[PDB]
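Handing you a structure now.
All residue numbers refer to positions in the sequence shown, counting from 1. Both backbone and side-chain heavy atoms feed into the values below; hydrogens, waters and symmetry mates do not.
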Amino acid sequence: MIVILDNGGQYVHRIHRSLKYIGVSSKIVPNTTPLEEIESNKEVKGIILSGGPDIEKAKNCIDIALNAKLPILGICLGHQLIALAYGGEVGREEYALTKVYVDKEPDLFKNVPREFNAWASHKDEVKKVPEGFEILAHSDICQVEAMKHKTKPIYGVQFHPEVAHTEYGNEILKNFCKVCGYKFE
């Protein structure tokens with residue numbers, strides 16, 4: 001089971017819905033839910049940080065990013081949270097298909113073409129990647145469309161693989177759930 005931290009955004013139901021579609025159980029929890037509570041449930045094999053309108057209403061997500069022992073996928077505000085939590089740079093709203101380019105055969109993008117259209121808003125973005133992170137994807141308007149901690153199962157995407165307008169969105173979720181011990185025949 002995957003725990004989804006409700007950072008207050010519009011597509012949280014969509015994360016739950018899309019995980020169910022590919023065979024993955026998930027529970028939406030208030031974003032104040034303590035890390036200990038999340039990892040004490042032996043059924044939990046990973047954590048998704050959702051999108052949300054305000055970085056300051058999601059500061060619990062910092063302790064989780066720093067200290068969780070489980071895999072983490074941060075989505076939009078979730079990705080920006082992972083970045084600030086590890087000393088990187090976030091900074092400054094409508095939703096559109098963005099052409100994203102994959103950088104160099106990361107697992108996050110197994111079975112995804114080198115280019116694909118991603119449902120994204122760039123209200124904000126990671127301006128500078130934390131030390132010890134690598135960039136996994138970019139576009140013409142955003143240098144950091146996806147990233148990963150080089151030594152930890154911690155993944156960041158600026159876009160919404162949960163929304164069906166994202167090409168291979170369900171393949172990106174499969175690739176992340178693969179890290180949480182799931183197999184997709």
Side-chain angles (χ1 to χ4, degrees), residues 1-7 9 11-12 15-52 58 60-68 70-88 102-103 106-109 111-112 118 126 129-137 144-163 166 168-182 184-185:
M1 189 258 283
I2 298 298
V3 167
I4 314 164
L5 276 86
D6 187 358
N7 288 152
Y11 298 113
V12 182
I15 306 178
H16 184 262
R17 263 198 1 128
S18 294
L19 282 181
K20 187 157 202 275
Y21 186 69
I22 66 168
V24 169
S25 187
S26 68
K27 180 206 182 180
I28 305 163
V29 298
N31 74 168
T32 47
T33 298
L35 169 61
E36 170 152 16
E37 169 167 347
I38 296 163
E39 293 184 323
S40 67
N41 183 351
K42 289 173 182 317
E43 283 318 282
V44 176
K45 298 308 199 117
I47 311 185
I48 296 167
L49 309 180
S50 93
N60 187 33
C61 291
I62 286 161
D63 174 61
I64 293 167
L66 288 178
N67 301 313
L70 302 163
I72 289 171
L73 173 66
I75 295 185
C76 192
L77 191 94
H79 164 59
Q80 289 146 29
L81 279 159
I82 298 164
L84 257 161
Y86 280 92
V102 171
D103 295 292
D107 280 337
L108 219 218
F109 291 108
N111 298 131
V112 182
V126 185
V129 186
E131 185 71 2
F133 277 64
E134 56 203 350
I135 298 174
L136 299 181
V144 192
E145 289 292 351
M147 71 188 177
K148 167 182 194 312
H149 195 311
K150 278 180 207 178
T151 46
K152 304 183 74 167
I154 303 183
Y155 298 83
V157 295
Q158 169 72 22
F159 58 82
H160 290 280
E162 75 272 29
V163 307
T166 301
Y168 315 99
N170 285 358
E171 204 71 59
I172 289 166
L173 289 182
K174 286 176 187 203
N175 289 327
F176 170 72
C177 290
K178 283 170 189 216
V179 183
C180 307
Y182 286 99
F184 294 101
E185 272 147 54

Students often mix this up, so state it plainly: with edges at 30° and 60°, are the rings of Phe133 and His149 parallel, tilted or perpendicular?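 The rings of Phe133 and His149 sit tilted, inter-plane angle from 30° to 60°.
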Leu77 CG to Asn31 CG distance, which is reported to the nearest 0.5 Å: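 Those atoms lie 9.0 Å apart.
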Interatomic spacing from OH in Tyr155 to CD1 in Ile47 - rounded to 0.5 Å: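 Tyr155 atom OH to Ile47 atom CD1 measures 14.0 Å (nearest 0.5 Å).
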Is a side-chain N or O of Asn175 found less than 3.5 angstrom from the main chain of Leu108, in a donor-acceptor match?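 Looks like yes, one N/O pair under 3.5 Å.
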Are any non-hydrogen side-chain atoms of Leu49 and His79 less than 4.5 angstrom apart?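 Not in contact.
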Once you measure the plane-to-plane angle for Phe109 and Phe159, does it fall in the parallel (<30°), tilted (30-60°) or perpendicular (>60°) bin?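 Ring orientation, 0 to 90° scale: tilted.
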Side-chain contact, heavy-atom cut-off 4.5 Å: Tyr86 with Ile154?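 Yes - at least one pair of side-chain heavy atoms lies under 4.5 Å apart.
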Determine, step by step, whether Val24 and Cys177 satisfy the side-chain contact (heavy atoms from CB on, under 4.5 Å) criterion, reporting the C-alpha distance in whole Å, the side-chain angles of both residues, the deciding distance to 0.1 Å, and the verdict. CA-CA 8 Å; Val24 169; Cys177 290; 4.0 Å; yes
Pairing residues for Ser25 by the side-chain contact (heavy atoms from CB on, under 4.5 Å) criterion, not counting sequence neighbours: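 So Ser25 forms a side-chain contact (heavy atoms from CB on, under 4.5 Å) with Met1.
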Quick check for you: to the nearest 0.5 Å, what is the distance between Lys27 atom NZ and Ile4 atom CD1?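 Interatomic distance, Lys27 NZ to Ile4 CD1, rounded to 0.5 Å: 11.5 Å.
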Enter the distance from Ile135:CD1 to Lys148:NZ here, rounded to the nearest 0.5 Å.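 These two atoms lie 14.0 Å from each other.
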Find out whether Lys20 and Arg17 are in side-chain contact, i.e. whether some heavy atom of one side chain is under 4.5 Å from a heavy atom of the other.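 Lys20 vs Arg17: side chains apart.
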From CD1 (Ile64) to CG (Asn60), nearest 0.5 Å: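 Rounded to the nearest 0.5 Å, the CD1-CG separation comes to 4.0 Å.
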For the residue pair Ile48 and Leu73, establish whether any side-chain heavy-atom pair is separated by less than 4.5 Å.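 Counting from C-beta outward, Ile48 and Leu73 do come under 4.5 Å.
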Heavy-atom check, side chain of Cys180 versus side chain of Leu70, under 4.5 Å: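 Side-chain contact under 4.5 Å: no.
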